Structure formats: C-alpha cells, structure tokens
Amino acid sequence: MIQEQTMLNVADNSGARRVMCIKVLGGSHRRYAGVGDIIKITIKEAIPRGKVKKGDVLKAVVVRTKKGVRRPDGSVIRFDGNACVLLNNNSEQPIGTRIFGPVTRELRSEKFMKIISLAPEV
Amino acid sequence: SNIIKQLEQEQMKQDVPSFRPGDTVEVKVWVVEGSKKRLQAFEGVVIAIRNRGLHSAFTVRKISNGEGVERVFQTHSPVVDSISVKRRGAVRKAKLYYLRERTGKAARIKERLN
Amino acid sequence: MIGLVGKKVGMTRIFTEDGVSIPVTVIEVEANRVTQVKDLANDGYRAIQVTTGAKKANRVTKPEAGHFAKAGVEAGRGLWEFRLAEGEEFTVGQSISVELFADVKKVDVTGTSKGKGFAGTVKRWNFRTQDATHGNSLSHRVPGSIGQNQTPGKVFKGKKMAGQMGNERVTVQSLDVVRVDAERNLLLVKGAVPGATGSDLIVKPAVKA
Amino acid sequence: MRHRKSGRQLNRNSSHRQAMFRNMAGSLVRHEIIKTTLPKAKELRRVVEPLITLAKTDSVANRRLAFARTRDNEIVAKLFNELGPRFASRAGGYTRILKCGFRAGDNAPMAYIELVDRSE
Amino acid sequence: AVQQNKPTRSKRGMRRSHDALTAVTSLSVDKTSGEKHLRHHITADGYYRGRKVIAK
Amino acid sequence: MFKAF
RNA sequence: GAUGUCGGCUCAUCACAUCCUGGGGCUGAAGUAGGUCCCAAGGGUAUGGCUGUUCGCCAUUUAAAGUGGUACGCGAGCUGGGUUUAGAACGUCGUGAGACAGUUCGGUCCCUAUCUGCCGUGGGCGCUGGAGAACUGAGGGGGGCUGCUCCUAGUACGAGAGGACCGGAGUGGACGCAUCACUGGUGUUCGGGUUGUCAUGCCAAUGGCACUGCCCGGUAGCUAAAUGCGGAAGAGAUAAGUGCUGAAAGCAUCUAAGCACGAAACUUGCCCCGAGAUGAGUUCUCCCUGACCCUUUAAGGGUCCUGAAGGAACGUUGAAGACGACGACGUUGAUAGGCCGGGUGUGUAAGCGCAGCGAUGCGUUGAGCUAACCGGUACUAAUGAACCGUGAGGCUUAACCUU
RNA sequence: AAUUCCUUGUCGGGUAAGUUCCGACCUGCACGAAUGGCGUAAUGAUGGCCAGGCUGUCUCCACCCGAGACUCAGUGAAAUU
RNA sequence: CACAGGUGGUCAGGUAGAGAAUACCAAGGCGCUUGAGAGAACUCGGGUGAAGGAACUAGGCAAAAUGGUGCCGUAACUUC
RNA sequence: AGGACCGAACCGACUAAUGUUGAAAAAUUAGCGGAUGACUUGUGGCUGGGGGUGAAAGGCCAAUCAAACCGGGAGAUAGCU
Ligand SMILES: [Mg+2]
Ligand SMILES: [Mg+2]
Ligand SMILES: [Mg+2]
Ligand SMILES: [Mg+2]
Ligand SMILES: [Mg+2]
Ligand SMILES: [Mg+2]
Ligand SMILES: [Mg+2]
Ligand SMILES: [Mg+2]
Ligand SMILES: [Mg+2]
Ligand SMILES: [Mg+2]
Ligand SMILES: [Mg+2]
Ligand SMILES: [Mg+2]
Ligand SMILES: [Mg+2]
Ligand SMILES: [Mg+2]
Ligand SMILES: [Mg+2]
Ligand SMILES: [Mg+2]
Ligand SMILES: [Mg+2]
Ligand SMILES: [Mg+2]
Ligand SMILES: [Mg+2]
Ligand SMILES: [Mg+2]
Ligand SMILES: [Mg+2]
Ligand SMILES: [Mg+2]
Ligand SMILES: [Mg+2]
Ligand SMILES: [Mg+2]
Ligand SMILES: [Mg+2]
Ligand SMILES: [Mg+2]
Ligand SMILES: [Mg+2]
Ligand SMILES: [Mg+2]
Ligand SMILES: [Mg+2]
Ligand SMILES: [Mg+2]
Ligand SMILES: [Mg+2]
Ligand SMILES: [Mg+2]
Ligand SMILES: [Mg+2]
C-alpha cells in the first residue's frame, strides 16, 4: 500500500537513493499502489554524478512492499521495506541498468520483462 | 461441525514433518513459468506457526540480496511440495517477531542440542 | 427454476491440483419434501411449498401437524415456497435432493444477515467521521447537518440515519457451485453467504444467468 | 456487539470483579449456602465449581493452584479435605441456585446459591 | 429544547396510557407446604418444589 | 448572545 | 421586547442553460481527433502547494474534475482562521480625546427536544366465529458509473504519417452488499517474561498495588487493509433523428389515413419492504355441536356447567436485542452452566534429583495452565399446575343441494 | 518592513507545486534618528517559517477497558407555555 | 448546600530514591449517603493498531515521542 | 557570588479537553511558569468616592466601578414605550 507522501527506496542503479510518491496513477480517487503499479514520484535523495538529480519528477513501478503480495493459494510474501524502480516518464521504461534485491512475480508482464531479466532473484 | 472436520480431513497432507519456531527450514514450492513447472527452494528461519488443521500455516524469514523477506506458507497447499528441517534452533517463544529488528550477529539462533 | 432450502454449516477452504485455494461455504441441503402444490385454478399462481429437516413432535402445533399429515410428510424446520416455471411439475410428498444443482454452474443464495443491532451512521452508511481534534466538541462521529434551512423546513424521506442494521433478508447473486456432494447432502459454493452458522438458507439457480 | 461472548461485567472493572468473586467463592465454601443477587450467583458457578473439580485430585501443585485462586489456606484445606472427597462421584453441577424474591433496599433479584450436598 | 405550547390534559393521558402496571399472572402453590408463591421462587418459609430448601 | 456589527 | 457572519467540516437535495458516459443533424467531417447544434438529469462528476479565504494561480491526476437554486443550503450539527467589543503597536489623519473595508499580535461559540419532520422499534384496535402458518403484490424504496489491454485488424481510410466504426474477450479504479475460510488488527475474561514494594510465619512458591505496573504473544467474537458478489443482458413504449407507402397540391412530400426503426431518460427486467391495500385480499390445516332465567323481546342481559385450538406468563437462553420485539428450549429435555474428551494459545509448571562456590543450567517434560471454540454427557437449573382465549358464529339477495 | 495602497511588486533560495518564510532590489502611496535610528550575545508558556524524530492529526477508521446513555426500584428538578 | 473550591502554624516511621518527588506500606483513618441489571447508537476518560507518516489543519491543536546516572564528545555566534 | 541553573512544598495561570439549568456565579483533569527573591505568607494598622490606590489594564476599592455602597432631595425628568 503506497500512497502520496510515502517514502520508497530505489531498487535500481539509476542514482536515486529514495523517492517520494506524489500520485497513484491509473484511476480516480485511487489511493493504494501495490506491486506492479505505476506511481508518479519525485526524487528526494540522489547520489552525485548519477543519471537523475534531486527534484526530478518521474514515474516508477513498485517492486517491493511491506504489506506484501497475495498468492492464489493464500500465501503471502512480505519485504522489510518498500522499493520501486524508476521508469522513463514518456516511454515507461526502466532507467537503471541493474535491479537490486529480490523481485516479485506480479511483474511477469510484457512491459516489465526488462526488470525480471535483471532481477537477482525470481 | 463434524461435517467441516471430515471435509478438511480428506485433503490434509500426511507427509508434513515436525518443526518448531527457530528452526531453519528449506521449503520446495512449485513455480510455473509458462507451460513448464519448476521447483525453487525458499530457505529461512521459522518465526511463526499457526496450527488450524487444514488452515495451518507458518512464516519463514530470510535475507536475500540484502533485503529481508517473509513468506507465509500454507502448509497443506499443493503449491508447497516438501518441507525439510536443515537446522534446529532453541528459542523460548512461540513467535520470533523480535528477529525483525535484528540482523547479523544479533540475529543468531542457538542450535537445539537435545 | 426450483431451488432448495439448506443450512449454513460454515466456511471451508478447497484446494486444487493447480495450487489455487477456493473459499467455499458449506451448505447442508437435506431431502426437501413437497408439502403442497399451488395450482392456477385454485391459488392463481404455480408454486410448490417444501419443508426440510425435522422438529420435535412435542412442539408441533395441531394446525401445523394437520397440514403435514395432508401430504404424508414429516414436519420440518419450516415452510418455504418456490415459483414454478412453465414445464416444471411436482407432486405432494415428493423428495428433492441436492442433485438438482448437479447441472447448475451458478446459484443464488438468500438468508438473514447477522444482526448488528442499533448502528450509528458511520457504521450503517459509511458516513465520514469529523475531526477528532482541532476544537471538535462532542461531534466526533455525529451525523451532522440533516437539512437545508427554511426553504424545505423538514427532513426528506429516506434520509440516512442511525438505526437497526442487519438481521434482514439478503441475497447474493452469481455464486459459483464448486462441488455438489449428493452422498452427504452437501453443496459447496464459492464465497461467503449471508447469516451466521446454522442459519436457514435458500439456494436457487442464478437468475442473472 | 456481544456475539458469542461470555462473562458478566457487573458494572465493575476486571480487578474489582476478580476480587469480588475470590471473596464470594471463599464465602460459599466457608458457608455452604449464601445469599446474593441472581446475576452474581450465575457467575459464581464459573468460579467455585472449577475449584471443587481442582480439589478432586489432591496434590501439592493442585493445592498451590487453589491457594493462588483463593488466597486463604482455610478454604484450601476445606476444598481438598472435605469438599473434594464429597463430590468425588459428581460430574459437575456442585452448586444449586434458588431464587428468593427481591432485595428490599434496591429491589434487586436475590437468589440462594448452595452446595448440592448440604443435606445433613 | 423547550416547548412552545403547553401540552393538554389529553396529551398527558395518552402518553401515560402505556405506563399501566401488569399484575402477576398467578401464584404457584407448593405441593406440600400449600402456600402461594412466585413460580420458580422459594416460599416464605423456605419451601420449594415440596422440599424445605432453606432451614429458616 | 451573538452580535452583528 | 434579536432572523448569529465569511470560509472550512459533516450531511445533503433540486433545476438543466450537460462537464463525462448514451443517441443524433451539419461540418471548410478522408481516417484518428475535433468544431457547432439538437435530444438526454440514470449514474458519475480529483488529490495537493500558497492564502482565513470562496475565487484564483501552480503541481500531478481523471472518462470528466459541469453551471446554478436551496436564508450567497446546513453553528438548538462541529469549527472560529477572516471580518466586527474591551489590550497593544505601526503607518497615516487630528492641537487633542481619538480615527482608518489600512496593516499587525492576543482575544468565553450556551440550550436535558414538547410539537412538525426524519431514522428505527413496540403497544392497542381493526380486518365480523376463534386460532396456527404459507402466500398473492396495489404501492414504495434500493441499484443504474467507468478506464485500460487484447481480438476483429495494422484491416476500412490515407500518398504518407497515422489509424477505425460496428461486434467480442479479459482485467482494473470508484461505489455498494455480504462474510471471517484465508492474510491482519483488536483481544484489561488465556499463557509467559520482568521492575519496585507489601503480604501469605520463613525458604520455595504465589497474590495485591503501581495506566492491564511496564512488556511479549494470543482463543472466540467483532473487524478491513482481507476475499466473494453486484451494476447488466432482454422486453415495451419513445426523445432528437432516419425512413416506407402516400394524398391534400396529376409532381414533390416521413403524415394528413396507414406502417418501420430509434438513447445510460420513461414502464419492466434484478434486489428489499409490503393486505392499516379500512379496496384490511387468497390458499391449507386446527378447535368449540350444554342447561337455562328475565323484560326495555332484541346482532338483548344474566346465572350455572364448560375452558377447546391456541396464546400469554414464568424459567434456562440465543452468532436476536437499548427496552419491547424476534429465535431455541423446559425432564417425552442438550436451553444454559458445570463436567468428560479434543482442539487452540502460551512455551518445558510445581515438586524432586543432577551439575555448579553461586546466579543458573539439565532431567523428569512440548511439561503445566488454557476465556467465548468443537464433539459429547441430565451432574445443577429449566415444576404438577395456574392464567388468557369458549361453547358452531348477523341480515338481505342470488345460484345449487331438497321435501 | 508590526509601516507598501497598487501587490501574490520583481529577482534569487527552499517545495513536484510557497499570496507565508528567508535573501536581495528601491518605484519608501505614507521609515528615520531619545514620542529615539540601526545592530546585538543571552533570555521568552512571545510572532512567522523550515527540517529530523514521532505518531489515529489524517488516508479510514477497527477493536477493547471503564463512567453515562438504556431497563428496574427509590427520591425528584428546570428553562418555556 | 452534608458544595470536587479557599483556609495559617506543629508532628514527619519502613523499603527503593538525591529528595518533604514518586511507588508500595506502618501507626492511624477511610471506601467519598441512591442502588440493582443490561453490555445499543452517541458522549466522556483511557489502551492497542496492518500499510503510509502531517497527505490533517488557519496552525503538528491534541496526541505520540524524548526523559536517569557516570564517561567520551560537542559548531556557528559571543558582551568571553 | 547570583532578581544564577534543574526541581517539590509554596505563589502563579500559557495550552487543551471537560463543564456551561456546572461539583464550582471562574472550577476540574493532563501538561505549563517562577520557585534566595522586584519572593511568598500570618496577625494588626493606615489611605474614602471626583477621592483612595494603581510596575498603568480605566485595573482594583466586599461576586457591584468611565466615578463604590446606604439613606435622603424624590412621586427628579421622560415631546418615548
Ligand atoms: Mg465548549
Ligand atoms: Mg471530544
Ligand atoms: Mg441551524
Ligand atoms: Mg409546508
Ligand atoms: Mg449503575
Ligand atoms: Mg490494577
Ligand atoms: Mg420576538
Ligand atoms: Mg431505466
Ligand atoms: Mg484547491
Ligand atoms: Mg449560508
Ligand atoms: Mg479570530
Ligand atoms: Mg483599543
Ligand atoms: Mg472599518
Ligand atoms: Mg521468596
Ligand atoms: Mg509544508
Ligand atoms: Mg523580506
Ligand atoms: Mg516611527
Ligand atoms: Mg518572563
Ligand atoms: Mg426511575
Ligand atoms: Mg456527601
Ligand atoms: Mg506523595
Ligand atoms: Mg461502553
Ligand atoms: Mg498505525
Ligand atoms: Mg487540505
Ligand atoms: Mg502540543
Ligand atoms: Mg504524551
Ligand atoms: Mg533564580
Ligand atoms: Mg494544574
Ligand atoms: Mg525551578
Ligand atoms: Mg483603553
Ligand atoms: Mg469587585
Ligand atoms: Mg424636588
Ligand atoms: Mg418616577
């Protein structure tokens, strides 16, 4: 469950360290963004000489959440923190060339094949 | 509730091994990637177990690639193929939620040498 | 189409080879005996009245006992009626089992919902609560305004207000029939249904189709 | 809501409620018949009767358990020495409640609660 | 918060129409003691269902 | 007592 | 001899001069996407930064973030930031007291609801013998939103770029209903750890108090963040509109006669209430088959005998409940408690022994304890009765059964 | 600016977005030198603004423990009319 | 008013504590002059909370949070 | 040493909630300020109404203050209701 003002870590090497969600896209009065949901974010902290800079407004896909993900059999997968992967604003493609930490299988879609291929785990 | 008991009983797994909280358990879970089926291992520390007959479940915690992960396995679900106890831990509590605040040396669990 | 009267045994989980978990409500549908048949010439509509279960004969009233004796049936928990279609026909004393739904994929389940008693507007109508701080005085979850001053000078009919919640007839539509087990008089339907465990339940084929 | 809940609050807090029944339980054991309000008598069954069952088998651990729930060695001795042996054959239902009208002071409904084997 | 007109004798009477008390339907008689008592209640001298449950 | 200046 | 302001909050309701969705006519309408006009009010019709602000600007969304009425809706519902009491200061005006839709800092928001209205829930009586059930449905209410992806099809169209109508499928947002099987919350009524102190003679072991002393977990129940379902198809009559045939008016003409099509509007379809529907309905069972007496001799009154079906009361109670009500049960009995077994939760009790100087560890031992849960069991309490309710049910006419 | 009407002046900083805030400019409607001017360490239940921590303030409320509300018995008001 | 108000001196036990704070107690004195049930909305006083963490609001109002001893260490600006 | 520091008694009254026919005609609860001083407090005394007193709010002078209270002029006057 990611809302506005939620702080998320960055699971890619795009240069951003943590970001602020400023809008949950995909509907009207939509308030929760789970794993695999595109969110509009603003970079709050970034490393120097990165490909993104503080204050940039982009969009990202949630890949890990504390609330976890529900499986068809009822099993739940949870993570110690919330993470997201920054995506190009126009083409919605990942900016970083690597993915950090485990990834969840709800991203098994045509547009997120890049993330899974680079995912260290599943 | 005799009817409910019988309905659940006929679909309970009989090969479930005996394990306790603090035990390092490796679980084989069926995973499908396209048409082909596959097995992947999720090894971690059992931090919580609920016994509810067919609805029994247990929580396994592990640190993968620097990120802590917790999986709540439905023990009787066909998705989980097998359960194996790699190590036996000695703890005084049924639930080990306090391990969420610890890592590295502080998260060590003493082995149970009965 | 005709339905049957069952009892809510409870809720249960059904596993499948593919690894999916199906939440199912277990409904016990014993033999439904036809106690009376309604005819157009005599009653003005076509329907069958059926009874299910059994009750102690000591507490059966004389007029109730006489009605069951007419159809040669043992007194049940109660009496329910089902409307008949054009081709349907039944006879007094006939027994209908859970196999009727063997060829049915979706069903309609109706029953009395759990009684919440006197409920406030927040619970009953999902009214938004007012500020818990910032000067609020004894108005944290009160309904608030209920009118528009002199022009109407009244409260309109149907205004949402606190009152009795639940304990009323409720119908849930298009519930999948996971399994029909005739040998034990059981009917497993995906999802939850109104009422607490052991409450009377009426199951009909899905009218919505 | 109060669905499938047990235990009367009796317009008291948990600490006061627990202490009151501890005293009342000892009174019923000390005096085999006592007079109290009907709702209080109904709750007293769920406290005194388990003590009698606990006294069915005599042991140091059981006596200490009885002491922790009564905090009066006189009652503990009474339960294990007399009440326990007397109710050795009864499968529950060690107490009986009889209604005795209403209290004059506040019109509260009153009822006697007594051990079933008070006959002498 | 307060009335704009004085309610009448009539309005007071109708409100009190539901205030009437109901007398006890009947008093049970002990099988042996023979005196009247409330049903499911002991008698004056401690009898109930024919047994002297209370000594006094 | 409210006021309307 | 008082009708309390702006804005916010909560809760709304109506209009249609329609913002989105729906149906159309023109288009300087190729397609996609627009422009303009007509019909349409069923549903839906952003979160934030700044500001007391409405407004407005800006950021990012959305199918769209409609315009208005309702005392510029709503303070006996909340707020009191702005204006508009008394304090104080700035600029400014005045010799001065003081003044300023100039600006600054601070500054008591009372009311237990009689009536109307509304949301719930009962009592009485009626419905023409009484009683127990199941119904018909006049009428009324609820519900009516919509995105994206895929196929059709890279087809129609277009030089290209670009890119469909019409029909299908899948999966979402918001909203609504139900429920706890699952994932979780709560769980001061279940276990365990621990600080200070007091007490049970003391050790050991326990209890009281300190917010449940502070904490860690947790049964049932309730519950959402949890997981099931819902909006519709179809039908009838239509709006704008498009037509067929066709005269008045030899032609033409959708219209005058006569036919056809046509939208989230309308009447139905789906869900709930519903015979106080006084127009009080229908169907099926159950119960009552005695004496007399009086005159104001009539739907008359009264005594005796009788007390049915059924109801109520009382008692044990409920996943029913403010109280009523409603459901279960009362010995020919599992209604509640206890009891027995089991399952849960907590996590190896106490006692004793063994190691250690000791704290402590180990064995007995996954032990002990275990609330509301599950399957059982008359051990306790649900009494033999009393009480209410009667004794064949008006007149008139019609059609039958008849003598 | 406790002073600026025009005015949310203009530029810069902070924010994804700042009528407030900070820095600067001077076009001071209508600052100004003991009815004191400009600075100032420390101090302030003082005014404005930002950040970390923190959380039911909020998204969006859920459950629980108590005192009322509700029922019974006793006593028994009030404004208003 | 048998009113949660106001009213100056003197006496000053135990354990923990720096303490006349605070907690539990001694001597001593009390349970506050309506009770009994129920366990609805709502109000009051509190406890807990998934994910987020000021998005609330005129304003972080209120809550939450920090909290003690030693020792290490501690910037600008300073009238030192 | 200190109108020094932290903090009870003690003296104050910044915030919130409750209460507002209140328990109370100004309080309660949780926080809050000072707490060796321009401190606080007991008993007694002095200042009297166009006067007192006032670290100055037109504050206070017996629940009354832009001129106290009591009695009198007095049946002031009222083109008003
Ligand atoms: Mg107030
Ligand atoms: Mg409040
Ligand atoms: Mg009003
Ligand atoms: Mg009118
Ligand atoms: Mg009480
Ligand atoms: Mg306590
Ligand atoms: Mg007037
Ligand atoms: Mg319609
Ligand atoms: Mg706005
Ligand atoms: Mg207005
Ligand atoms: Mg103000
Ligand atoms: Mg002034
Ligand atoms: Mg003015
Ligand atoms: Mg000891
Ligand atoms: Mg801010
Ligand atoms: Mg400036
Ligand atoms: Mg000046
Ligand atoms: Mg000061
Ligand atoms: Mg009373
Ligand atoms: Mg008193
Ligand atoms: Mg003290
Ligand atoms: Mg309560
Ligand atoms: Mg939380
Ligand atoms: Mg806001
Ligand atoms: Mg605060
Ligand atoms: Mg606090
Ligand atoms: Mg000092
Ligand atoms: Mg105070
Ligand atoms: Mg101090
Ligand atoms: Mg002044
Ligand atoms: Mg005074
Ligand atoms: Mg004169
Ligand atoms: Mg005069």
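Just so it is clear, the values below take in all heavy atoms, side chains as well, and ignore hydrogens, waters and symmetry mates. Below, chains carry the letters A, B, ... as their sequence lines are ordered, and counting in each starts from 1.
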Q) Which residue pairs satisfy the salt bridge (charged side-chain N to carboxylate O under 4.0 Å, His left out) criterion with at least one member in residues 133-154 of chain C, sequence neighbours excluded? A) none

(Q) Under the salt bridge (charged side-chain N to carboxylate O under 4.0 Å, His left out) definition, can you give me all pairs with a residue in residues 56-71 of chain C, not counting sequence neighbours? (A) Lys55(C)-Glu64(C)

For the nucleotides [N] and [M], report whether a Watson-Crick or G-U wobble pair is present, with both relevant distances below 3.5 Å.
N	M	value
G363(G)	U344(G)	no
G361(G)	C354(G)	yes
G98(G)	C93(G)	yes
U83(G)	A265(G)	no
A131(G)	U285(G)	yes
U59(H)	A51(I)	yes
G123(G)	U245(G)	no
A298(G)	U21(G)	no
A199(G)	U206(G)	yes

Q: Please evaluate the base of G77(G) for a donor-acceptor partner in the side chain of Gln130(C) within a cut-off of under 3.5 Å?
A: yes

Q. Considering only heavy atoms and no angle criterion, is a donor-acceptor pair shorter than 3.5 Å present between the side chain of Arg59(C) and the base of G330(G)?
A. yes

Watson-Crick or G-U wobble mate for [N], both contacts under 3.5 Å:
N	result
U53(G)	none
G187(G)	none
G147(G)	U171(G)
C72(H)	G35(I)

(Q) I need a per-nucleotide contact map over nucleotides 76-81 of chain H, read 5' to 3'. Cutoff is protein heavy atoms under 4.0 Å; write B for the base, S for backbone only, - otherwise. (A) ---BBB

N/O-N/O pairs, protein side and nucleotides 371-375 of chain G side, under 3.5 Å:
from: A372(G); atom 1: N3; to: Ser6(D); atom 2: N; distance (Å): 3.2
from: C374(G); atom 1: OP1; to: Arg4(D); atom 2: NH2; distance (Å): 2.9
from: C374(G); atom 1: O3'; to: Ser1(B); atom 2: N; distance (Å): 3.2
from: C374(G); atom 1: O3'; to: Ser1(B); atom 2: OG; distance (Å): 3.4
from: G375(G); atom 1: OP1; to: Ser1(B); atom 2: N; distance (Å): 2.2

[options]: which one has an atom nearest the side-chain heavy atoms of [X]?
X	options	answer
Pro39(D)	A174(G), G184(G), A38(I)	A38(I)
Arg83(C)	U136(G), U189(G), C11(G)	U136(G)
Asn58(C)	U59(H), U332(G), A334(G)	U332(G)
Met1(A)	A36(I), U219(G), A50(I)	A50(I)

Say we look at [N] and [M]: how far apart would their [atom1] atoms be, to the nearest angstrom?
N	M	atom1	answer
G9(H)	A24(H)	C1'	14 Å
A313(G)	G301(G)	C1'	33 Å
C11(G)	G140(G)	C1'	24 Å
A41(H)	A64(I)	P	37 Å
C182(G)	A55(I)	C1'	31 Å

Phosphate OP1/OP2 of [N] contacted by [X] side-chain N/O (<4.0 Å):
X	N	value
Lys157(C)	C118(G)	yes
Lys8(C)	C180(G)	yes
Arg39(E)	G315(G)	no
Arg2(D)	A320(G)	no
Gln36(C)	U283(G)	no
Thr37(D)	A36(I)	no
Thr151(C)	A71(G)	yes

Q) When you match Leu21(E) and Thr42(A) each to their closest nucleotide on RNA chain H, which lands nearer the 5' end? A) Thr42(A)

Q) Between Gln3(A) and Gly105(D), which is nearer to the 5' end of RNA chain H once each is assigned its nearest nucleotide? A) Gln3(A)

For [X], which residues count as a salt bridge (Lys or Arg N to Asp or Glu O under 4.0 Å) partner, sequence neighbours excluded?
X	result
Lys40(A)	none
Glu168(C)	none
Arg30(A)	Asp37(A)

I'd like a table of atom pairs between the protein and nucleotides 125-133 of chain G - only N or O on both sides, under 3.5 Å - with the distance next to each one.
none

Q: For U403(G), decide between syn and anti, treating a glycosidic angle within 90° of 0 as syn.
A: syn

Q.
Would you say the base of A41(I) stacks on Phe118(C) (centre-to-centre below 5.5 Å, plane angle below 30°)?
A. no

Report which part of the nucleic acid [X] touches: base, sugar-phosphate, or nothing (heavy-atom distance under 4.0 Å, all strands).
X	answer
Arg78(A)	sugar-phosphate
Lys3(F)	nothing
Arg13(C)	sugar-phosphate
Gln164(C)	sugar-phosphate

**Q.** Any residue meeting side-chain hydrogen bond (donor to acceptor under 3.5 Å, both in side chains) with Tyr112(D), in chain and number order, not counting sequence neighbours
**A.** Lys35(D)

Q) With sequence neighbours left out, what residues match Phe73(B) under ring pair (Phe, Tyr, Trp, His ring centres under 6.0 Å)? A) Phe42(B), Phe58(B)

Donor-acceptor pairs are to be reported for all side-chain atoms of residues 43-52 of chain D against protein atoms at under 3.5 Å, with residues two or more places apart or in another chain.
from: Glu43(D); atom 1: OE1; to: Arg8(D); atom 2: N; distance (Å): 3.3
from: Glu43(D); atom 1: OE2; to: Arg8(D); atom 2: NH1; distance (Å): 2.7
from: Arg45(D); atom 1: NE; to: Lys42(D); atom 2: O; distance (Å): 3.3
from: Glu49(D); atom 1: OE1; to: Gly93(D); atom 2: N; distance (Å): 3.2
from: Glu49(D); atom 1: OE2; to: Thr95(D); atom 2: OG1; distance (Å): 3.0

Q.
Tell me yes or no: do the six-membered rings of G51(J) and its strand neighbour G52(J) sit under 5.5 Å apart at centre, with planes under 30°?
A. yes

Could you run down the sub-3.5 Å N/O contacts of the protein with nucleotides 227-236 of chain G?
from: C229(G); atom 1: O3'; to: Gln173(C); atom 2: O; distance (Å): 3.0
from: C229(G); atom 1: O2'; to: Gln173(C); atom 2: O; distance (Å): 2.6
from: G230(G); atom 1: OP1; to: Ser174(C); atom 2: OG; distance (Å): 3.3
from: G230(G); atom 1: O3'; to: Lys208(C); atom 2: NZ; distance (Å): 3.1
from: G231(G); atom 1: OP1; to: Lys208(C); atom 2: NZ; distance (Å): 2.8

(Q) Looking at the paired bases, is it major-groove or minor-groove atoms that lie within less than 5.0 Å of the side chain of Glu4(A)? (A) minor

